[PDB]
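Inspection log for the structure reproduced underneath, given as structure tokens.
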Amino acid sequence: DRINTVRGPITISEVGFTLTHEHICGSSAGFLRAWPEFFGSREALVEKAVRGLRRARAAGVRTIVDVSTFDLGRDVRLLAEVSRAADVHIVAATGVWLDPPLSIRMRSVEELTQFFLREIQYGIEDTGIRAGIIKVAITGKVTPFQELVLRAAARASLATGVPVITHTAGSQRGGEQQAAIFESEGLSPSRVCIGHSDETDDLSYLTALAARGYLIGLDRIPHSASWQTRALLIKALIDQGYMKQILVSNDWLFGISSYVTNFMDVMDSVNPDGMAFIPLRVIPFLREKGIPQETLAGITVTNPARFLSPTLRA
Amino acid sequence: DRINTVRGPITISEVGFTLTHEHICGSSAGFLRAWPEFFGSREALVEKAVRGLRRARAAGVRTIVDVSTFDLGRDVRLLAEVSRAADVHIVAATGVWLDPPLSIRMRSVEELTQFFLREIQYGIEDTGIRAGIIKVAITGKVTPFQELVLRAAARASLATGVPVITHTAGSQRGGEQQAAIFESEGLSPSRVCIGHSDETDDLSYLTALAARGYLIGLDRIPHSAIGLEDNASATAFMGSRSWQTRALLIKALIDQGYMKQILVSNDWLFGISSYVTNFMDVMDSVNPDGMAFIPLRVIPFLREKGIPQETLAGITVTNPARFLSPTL
Ligand SMILES: [Cl-]
Ligand SMILES: [Cl-]
Ligand SMILES: [Eu+3]
């Protein structure tokens with residue numbers, strides 16, 4: 001098929017090495033436009049993001065998935081500018097993160113479905129840029145509104161073929177909650193990535209999800225500020241026979257306003273490699289532990305392309 | 001000084017009959033741009049707002065204050081488009097309403113002060129349109145974050161001369177708690193309007209604030225869910241007191257000698273997404289006059305009750321101009 005990016009559709013063969021869970025900027029809807037000086041300037045943030053993406057591209061990355069939603073301050077014009085200047089494909093996201101404003105959290109499941117469909121089928125804002133993934137975040141115990149969001153995401157995925165990525169905040173597991181809801185809606189597990197899965201060491205829980213067909217997002221590796229321990233989960237799942245169900249990423253960004261001021265400086269001090277951490281540190285580490293090149297290319301190239309390719313029949 | 005509007009600065013003489021507490025659209029940051037079809041379309045929202053403001057203009061309205069903040073979905077390009085097509089002055093707002101996203105509610109008092117000053121002194125987003133008022137909202141008991149917002153508002157007002165308008169969510173009487181914080185920062189009461197003060201009939205509360213020099217926002221006059229008892233969402237939003245009851249608070253404050261402290265408005269809007277779906281239709285059914293309710297129904301009601309025309313012109317023209325004019 002073809003995959004929608006912020007610069008238009010691309011073919012599966014163009015996707016290449018893909019980081020499945022990233023952001024350019026973690027913010028709030030409208031905030032970058034209303035207070036760019038919070039980031040120094042818009043120009044300073046663009047320059048930082050372009051340098052960071054060029055560095056990742058020189059380490060082999062060809063595509064990132066920016067999973068920022070409306071309520072995380074997704075600015076698709078920023079994504080398009082950085083994508084062109086860095087020559088890295090960026091897939092944009094619809095969905096709902098953990099800070100929905102009243103105009104979102106007052107909505108019914110049917111209205112949320114129509115919102116997701118608008119961003120996937122017509123475009124984001126007035127840009128014509130279409131989302132290629134649906135991002136949902138939940139908390140420990142799924143709230144009633146978070147359940148609406150998951151069901152709307154399943155309905156939008158079933159209508160368009162685009163995949164869903166999800167994570168549970170403040171709890172190790174929680175994938176079982178989401179899996180139950182997604183399956184009640186008829187969604188195929190092969191369209192769902194259970195993200196932040198490197199945050200738990202319960203390997204039997206991850207193996208059980210993989211066996212049901214879910215993709216396992218090991219996508220917070222550099223956030224253990226031990227990263228080697230998290231990366232060994234990749235090896236463990238390969239050894240259980242589930243190399244085809246693994247997605248790897250950094251969950252990095254280049255500006256952040258939704259937490260404490262200057263939290264970006266904290267993150268940059270613990271991981272100065274940025275989104276190059278996966279290609280420069282994790283892949284060599286796994287190679288040294290005996291994972292073949294062919295398996296590594298399956299995880300970083302084959303698996304993301306299969307996931308992102310719109311598939312209504314899976 | 002002159003007053004900043006979404007079309008640029010105007011002199012005090014051009015302000016005229018003013019509605020001091022209105023909105024074009026009650027929404028969330030970015031939402032009108034991300035899902036305009038929630039309102040039919042952006043074009044339909046503009047047309048509805050232009051038609052409504054032109055009717056208010058025909059009825060004598062010359063200026064409205066749109067108190068929408070960043071987190072209430074303020075879209076200053078929308079305000080400018082509608083102001084120009086209706087030919088009605090619109091004053092835009094900075095501040096913080098009741099639904100701040102994390103990028104706002106994680107900020108310190110010093111950061112919030114800088115944000116307000118940016119919107120007052122430099123402009124909103126990349127438009128160069130400058131805010132002419134600061135809007136703050138609190139809940140019953142001022143939260144820690146809301147206290148930061150009030151102190152930043154006071155600090156920004158003292159730096160720029162721009163006034164502050166408040167309200168408290170519900171029928172709660174929060175003016176005394178807000179006033180205490182504002183005065184601890186050295187802000188003059190004459191730069192503050194205690195909005196939505198018509199939610200209560202506690203005349204002792206209203207008069208004591210007016211006696212300190214606060215402006216009293218009697219600004220939800222048409223809001224009333226009488227007849228809509230089977231609609232629980234309307235009752236919670238609009239209350240159960242008749243519009244005449246709200247309007248007679250105007251007369252009561254005049255009769256105590258505080259005509260110079262009154263500001264009147266409708267608290268209307270032409271689209272709303274921050275509440276239940278289609279709530280716009282409930283509001284429009286209750287008050288088909290929209291923003292023209294004040295000039296068309298309340299003013300002649302108060303004339304019938306014996307208030308002189310010169311006093312009504314003082315409330316609708318003189319008081320808002322004194323209030324909006326930056327002073328410091
Ligand atoms: Cl996320
Ligand atoms: Cl308001
Ligand atoms: Eu993330």
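Just so it is clear, the values below take in all heavy atoms, side chains as well, and ignore hydrogens, waters and symmetry mates. A note on names: the letters A, B, ... follow the listed sequences, proteins ahead of strands, and every chain is numbered from 1.
- Judged purely by atom type and a 3.5 angstrom limit, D219(A) uses its side chain to pair as donor or acceptor with the backbone of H196(A).
- Note: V276(B) leads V276(B), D126(B), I272(B) in heavy-atom pairs under 4.5 Å with chain A.
- By the salt bridge (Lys or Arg N to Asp or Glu O under 4.0 Å) test, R105(A) pairs with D99(B), sequence neighbours left out.
- In this structure, chain B has a heavy atom under 4.5 Å from the side chain of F70(A), while its backbone stays farther away.
- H223(A) contributes a side-chain N or O that, together with a main-chain N or O of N250(A), makes up a donor-acceptor pair within less than 3.5 Å.
- Among the candidates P36(A), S108(A), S258(A), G26(A), the residue making the largest number of heavy-atom pairs closer than 4.5 Å to chain B is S258(A).
- With hydrogens and angles disregarded, a donor-acceptor distance shorter than 3.5 Å links the side chain of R107(B) to the backbone of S257(A).
- Both the backbone and the side chain of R33(A) come within contact range of chain B, with heavy atoms under 4.5 Å apart.
- At a threshold of 4.5 Å between non-hydrogen side-chain atoms, the residues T94(B) and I124(B) do not count as touching.
- Contact annotation for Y259(A): both backbone and side-chain heavy atoms come within less than 4.5 Å of a heavy atom of chain B.
- For the set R42(A), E37(A), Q114(A), the entry with the most heavy-atom pairs within less than 4.5 Å of chain B is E37(A).
- Heavy-atom pairs under 4.5 Å with chain A were tallied for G73(B), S27(B), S28(B), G123(B); the largest tally goes to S28(B).
- Under the 4.5 Å side-chain criterion, counting only non-hydrogen atoms from C-beta, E119(A) is not in contact with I129(A).
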